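The block underneath contains the structure these notes are about, expressed in structure tokens.
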Amino acid sequence: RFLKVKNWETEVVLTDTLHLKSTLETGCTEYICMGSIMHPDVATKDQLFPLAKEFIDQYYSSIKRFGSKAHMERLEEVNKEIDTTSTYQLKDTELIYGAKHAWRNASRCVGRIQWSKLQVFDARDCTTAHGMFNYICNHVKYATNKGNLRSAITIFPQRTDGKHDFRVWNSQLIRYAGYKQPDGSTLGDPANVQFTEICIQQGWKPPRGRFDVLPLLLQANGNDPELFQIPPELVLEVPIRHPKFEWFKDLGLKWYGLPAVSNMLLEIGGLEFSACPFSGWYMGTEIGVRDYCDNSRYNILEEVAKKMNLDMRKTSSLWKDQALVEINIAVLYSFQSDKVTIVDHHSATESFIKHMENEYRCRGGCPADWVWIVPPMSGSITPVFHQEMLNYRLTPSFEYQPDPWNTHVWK
Amino acid sequence: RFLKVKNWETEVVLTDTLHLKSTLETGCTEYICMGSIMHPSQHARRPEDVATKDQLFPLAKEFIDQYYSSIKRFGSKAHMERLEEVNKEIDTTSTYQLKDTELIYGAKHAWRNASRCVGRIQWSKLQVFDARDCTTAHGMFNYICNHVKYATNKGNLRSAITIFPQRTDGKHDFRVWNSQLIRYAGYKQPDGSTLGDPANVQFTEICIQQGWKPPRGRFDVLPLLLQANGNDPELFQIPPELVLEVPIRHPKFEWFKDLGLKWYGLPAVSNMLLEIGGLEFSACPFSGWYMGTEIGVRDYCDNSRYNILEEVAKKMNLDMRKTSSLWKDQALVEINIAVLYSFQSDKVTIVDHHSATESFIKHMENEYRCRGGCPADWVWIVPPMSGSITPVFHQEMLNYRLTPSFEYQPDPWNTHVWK
Ligand code: HEM
Ligand code: HEM
Ligand SMILES: Cc1cc(N)nc(-c2cc(CN3CC(F)(F)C3)cc(F)c2F)c1
Ligand SMILES: Cc1cc(N)nc(-c2cc(CN3CC(F)(F)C3)cc(F)c2F)c1
Ligand SMILES: C[C@H](O)[C@H](O)[C@H]1CNc2nc(N)[nH]c(=O)c2N1
Ligand SMILES: C[C@H](O)[C@H](O)[C@H]1CNc2nc(N)[nH]c(=O)c2N1
Ligand SMILES: [Zn+2]
């Protein structure tokens with residue numbers, strides 16, 4: 001009835017009761033832990049009823065109206081819609097609550113101290129890819145806010161029969177293209193080579209550079225997706241320079257200011273919002289460690305280390321570690337110099353511990369995925385490394401979903 | 001059913017069937033994951049104190065079955081006699097005694113099964129010192145000294161475990177009260193600060209309370225506190241010539257030597273329990289060699305350990321007023337360069353986290369290839385610095401509890417009734 005988590009650095013112990021409210025699977029079993037597995041159909045009428053009730057109950061409990069006339073009538077109204085239309089429609093208040101709580105419940109998100117400050121753009125009246133483009137452009141402009149970034153989500157119409165899904169085919173709203181060259185090398189972001197190819201096949205004329213912002217590939221109502229160029233004045237980018245290394249700007253590095261995940265599914269009360277792009281601001285390591293230094297990504301450790309004149313003939317010189325730090329210093333300095341919101345992994349992990357402890361106080365727990373919360377460099381010098389965490393799946397939730405090109409029926 | 005793990009760098013997919021042999025709960029469920037809990041489970045294979053026959057024999061049979069299976073017997077003459085022998089021993093002493101071969105097999109397989117250990121590519125190259133004839137803390141000291149000398153080997157370190165008499169009723173436990181054979185003292189200062197290793201403040205106070213005269217310095221090698229057959233523990237000073245230490249200097253920063261840092265070369269875990277076929281070896285000090293990050297990241301830079309980041313950073317003349325300058329990250333790298341440069345210059349075995357994690361990936365592939373799996377705890381395997389530029393960060397792992405195993409146990413001073 002109670003689970004305890006300890007911080008081995010501070011000795012603080014928190015008591016988790018919230019996990020009793022989880023209902024969906026983590027992927028582990030009693031005899032094997034799948035904590036590091038990355039990824040461990042429409043609901044029928046009878047399936048949807050109890051999911052809707054649980055969510056409406058939770059909503060009315062949250063606003064201290066549980067058992068109220070409004071709670072009871074809403075429940076009856078929801079059951080009526082399910083009974084008649086096999087689905088139902090969230091009120092705006094419920095939509096905002098659900099979206100904020102899916103963020104609040106994202107066990108892999110270190111930025112959740114911000115969860116209650118989320119701008120929710122209801123796009124459930126959207127019917128076409130042009131409409132989605134308009135909503136997404138407004139999302140980008142609002143979220144970017146001339147560098148003073150604001151978290152935001154735009155929610156497109158829910159799934160109906162599974163054959164009319166709204167999807168943003170992009171994994172993120174703003175990403176750079178990748179082009180495989182005849183000689184085996186890759187220009188730009190190798191993570192996006194397949195998506196870049198889909199875009200070109202759909203008629204995108206690529207600049208064939210290292211930092212081409214990809215076009216939006218937007219699917220409405222299960223139709224074939226359509227290409228749209230985000231207006232370049234809406235795509236805020238930061239050239240990456242270094243406060244001490246004059247030569248760093250000569251690497252030609254830049255990144256975009258707005259991280260905007262667009263390939264996940266938002267599940268609220270059994271309803272599935274298959275297009276729900278959301279955005280916050282970057283933690284610097286996402287760019288400096290993963291985007292720039294993953295071997296499968298821009299992979300710049302060698303080039304930076306060369307320019308640092310590091311001894312690269314043996315690993316134990318820690319040349320990779322040395323270059324990695326300087327790169328991440330560069331990322332933070334550049335965003336800060338251009339007054340583009342960014343958070344370093346130390347600030348972000350400290351805030352998440354504060355958030356986590358507050359969540360245990362007021363909510364009874366905070367589901368947290370250590371594998372994802374600990375930054376990908378300098379792990380043990382951030383406080384989350386020493387923080388025991390319990391992982392469990394609460395709903396509303398953000399879910400992975402198959403890439404749309406693996407399932408789309410081309411018209 | 002049958003589980004796959006993917007490496008997201010290489011796209012290599014491995015298929016795990018070994019997990020079907022797991023015995024103990026992980027702590028996780030279908031609904032909650034406890035993979036970052038230090039001690040998620042208290043599920044043990046044998047109950048409280050001296051087990052009844054229907055409790056110990058099934059575990060014994062299982063281990064003996066496993067051992068005779070390993071050597072292409074099972075059902076052979078010697079196996080069936082061994083079951084009868086173990087059966088008679090439990091009938092007449094409420095326990096049984098491992099053969100030398102079984103002890104060695106058991107110790108190597110506890111190491112092979114240690115999901116949290118990144119060094120297991122070496123698992124079958126393990127020197128086993130049978131100390132089950134030991135009877136006194138003096139004898140334990142003699143065995144541990146021999147272990148330390150053998151394992152240190154003038155810097156060419158060698159993996160070793162020394163196995164003292166198994167638990168009998170729980171009142172006669174052999175214990176090394178030290179957490180590791182070689183650790184530095186920690187002193188609580190009058191002004192509230194801490195001198196030495198703050199992790200060892202309590203154990204240091206116990207030693208001082210037991211007559212240890214501390215030199216009260218930053219790197220005081222602690223005495224051994226040895227408990228034999230349940231008796232009160234006894235202090236022993238490890239002969240310093242057996243304690244190989246490495247002065248930490250930096251290949252570039254000439255001022256780094258002035259920090260006065262050293263570390264010992266031999267990491268030797270002494271507070272764990274070795275469990276083989278229901279038998280519990282409560283004193284089983286084992287040692288290998290260091291991954292540089294254990295010293296340079298955790299020992300030196302944990303806030304509640306030596307916590308040297310600020311002083312190194314000051315010497316480096318870094319911007320320390322804001323986290324976003326990454327001054328901690330900058331010093332952290334130089335410290336770990338220094339640690340590796342120092343050990344290597346002194347020809348003391350050490351492995352950097354890049355080479356270690358690379359070898360562990362290879363070990364995983366080997367284990368899946370011949371064994372059908374390898375239990376691995378990502379949370380512990382990924383190094384505490386530069387995680388994602390190491391291959392294990394990108395390697396999905398499956399964690400499960402195979403026996404024989406190394407287990408945690410209570411610190412004996414919470415258990416011990418003195419005399
Ligand atoms: C406001 C500042 C935010 C920061 C600093 C932040 C930080 C992060 C980071 C560093 C990750 C890991 C990303 C990766 O490794 O690929 C992450 C994951 C995630 N974030 Fe946040 N985030 C923020 C806002 C948001 C918002 C506004 C939402 C939703 C409305 C959100 C939902 C998620 C989810 C669902 C994941 C996990 C994705 C997955 O499961 O694979 N985050 N966040
Ligand atoms: C030979 C070189 C070895 C290396 C480089 C190595 C490396 C490591 C490292 C880095 C850890 C994590 C330590 C920590 O963060 O506290 C660890 C844990 C562990 N090692 Fe190894 N190890 C080696 C040898 C051995 C041997 C010889 C044994 C036993 C015979 C062993 C058994 C274990 C166990 C049981 C753990 C987990 C401890 C726990 O759960 O608290 N290791 N190892
Ligand atoms: C809102 C937000 C803020 C922030 N700082 N990061 C992210 C963020 C999240 C992901 C995870 N996504 C799930 C997937 F596997 F599909 C990839 C990937 C990124 F690249 C990101 F930038 C998101
Ligand atoms: C044989 C060996 C080689 C090596 N490289 N490291 C270790 C090693 C393991 C631990 C785990 N300890 C048990 C605990 F949970 F208490 C913390 C702690 C250390 F300090 C170590 F050095 C052991
Ligand atoms: C195999 C492992 O689960 C995978 O590499 C994870 C590790 N932790 C991560 N943590 C974050 N934040 N993002 C990631 O992509 C990953 N990848
Ligand atoms: C809370 C968390 O499990 C704890 O800090 C762990 C994290 N991973 C670790 N990994 C290793 N190798 N050693 C450790 O002591 C720890 N500590
Ligand atoms: Zn788990």
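So you know, we letter chains A, B, ... as the sequences are listed, proteins then strands, and number each from 1.
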Working for side chain to side chain donor-acceptor pair (under 3.5 Å), residues A/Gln322 and B/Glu334: CA-CA 8 Å; A/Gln322 224 159 13; B/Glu334 305 291 352; 2.5 Å; yes
B/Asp329: which of A/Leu324, A/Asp321, A/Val325 passes side-chain contact (heavy atoms from CB on, under 4.5 Å): A/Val325
Pairs touching residues 307-329 of chain B that satisfy ring pair (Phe, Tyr, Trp, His ring centres under 6.0 Å), sequence neighbours left out: none
Under a 3.5 Å cutoff, is there a donor and acceptor pairing between the side chains of [X] and [Y]?
X	Y	result
B/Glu9	B/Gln395	no
A/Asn328	A/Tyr292	no
A/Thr315	B/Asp352	yes
B/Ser324	A/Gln336	yes

Shortest non-hydrogen contact from [X] toward [Y]:
X	Y	answer
B/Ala338	B/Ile248	CB-CG2, 3.9 Å
B/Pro383	B/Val392	CD-CG2, 3.9 Å
B/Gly35	B/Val379	O-CG2, 3.6 Å
A/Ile381	B/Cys301	CG2-CB, 4.5 Å

Check against side chain to side chain contact (heavy atoms under 4.5 Å, CB included), A/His345 and A/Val110: CA-CA 9 Å; A/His345 51 283; A/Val110 72; over 6 Å; no
Salt bridge (charged side-chain N to carboxylate O under 4.0 Å, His left out) pairs, two or more places apart, involving residues 288-298 of chain B: B/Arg298-B/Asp302
Side-chain ion pair, [X] and [Y], N-O less than 4.0 Å:
X	Y	value
B/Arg249	B/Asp346	yes
A/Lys4	A/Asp16	no
A/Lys306	A/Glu302	yes
A/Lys314	A/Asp311	yes
A/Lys307	A/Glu303	no

Backbone N/O of B/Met385 and side chain of B/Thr293: donor-acceptor pair under 3.5 Å: no
Check: B/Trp378 ring centroid to B/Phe393 ring centroid under 6.0 Å: yes
Parallel, tilted or perpendicular: ring planes of A/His242 versus A/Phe245, cut at 30 and 60 degrees: parallel
Mutual orientation of the aromatic rings belonging to B/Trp263 and B/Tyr306 [parallel < 30°, tilted 30-60°, perpendicular > 60°]: perpendicular
Listed partners of B/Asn178 passing side-chain hydrogen bond (donor to acceptor under 3.5 Å, both in side chains), at least two apart: none
Side chain to side chain contact (heavy atoms under 4.5 Å, CB included) evaluation trace for B/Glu205 with B/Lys188: CA-CA 9 Å; B/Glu205 277 162 4; B/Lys188 213 63 182 48; 4.3 Å; yes
Steps toward side chain to side chain contact (heavy atoms under 4.5 Å, CB included) verdict (A/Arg210, A/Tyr176): CA-CA 8 Å; A/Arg210 191 150 166 241; A/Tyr176 297 120; over 6 Å; no
